[PDB]
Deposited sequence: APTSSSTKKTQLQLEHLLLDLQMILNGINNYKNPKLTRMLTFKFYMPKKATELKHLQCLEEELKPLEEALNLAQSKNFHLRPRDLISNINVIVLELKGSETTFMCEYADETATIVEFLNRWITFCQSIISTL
């Protein structure tokens, strides 16, 4: 299917954007890296299907906030938003968050692993 190729490329682009954000974070100087690891993110309890991307969508505003403190973030997050919303679509899904919060590093990596998990199935 042609639409399956659309889902694939969109997942590849989202994976790349998250990898790019993380790459810049890994190169931060010691005092800067320390301060951004205090910014807490909500994590998914389950992330095996495309509908679970609602957990990412809801956490894009904190992500835009964290990137603003460490610096364009407004434009980059808006681009990711479009892809995230398009990738999940049916009506409205309630997202279940884990008890323990994580840092930007664990947050990004989880969603990077999520994207890699779906790409391989199609």
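Judged by missing C-alpha atoms, the gaps in the deposited chain sequence fall at residues 1-3, 75-80, 99, listed in sequence order.
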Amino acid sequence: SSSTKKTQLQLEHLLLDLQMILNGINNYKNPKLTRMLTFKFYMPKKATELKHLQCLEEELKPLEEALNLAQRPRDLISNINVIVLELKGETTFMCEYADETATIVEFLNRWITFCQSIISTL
From here on, numbers count along this sequence of modelled residues.
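In this entry, 92-100 shows the higher mean Cα temperature factor of the pair 92-100 and 75-83.
By the numbers in the PDB entry, the CA B factor is greatest at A70 among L56, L63, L37, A70. Among the modelled residues of its chain, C115 has a C-alpha B-factor that falls in the lowest third according to the deposited record. Remark: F41 belongs to the lowest third of its chain, ranked by C-alpha B-factor as recorded.
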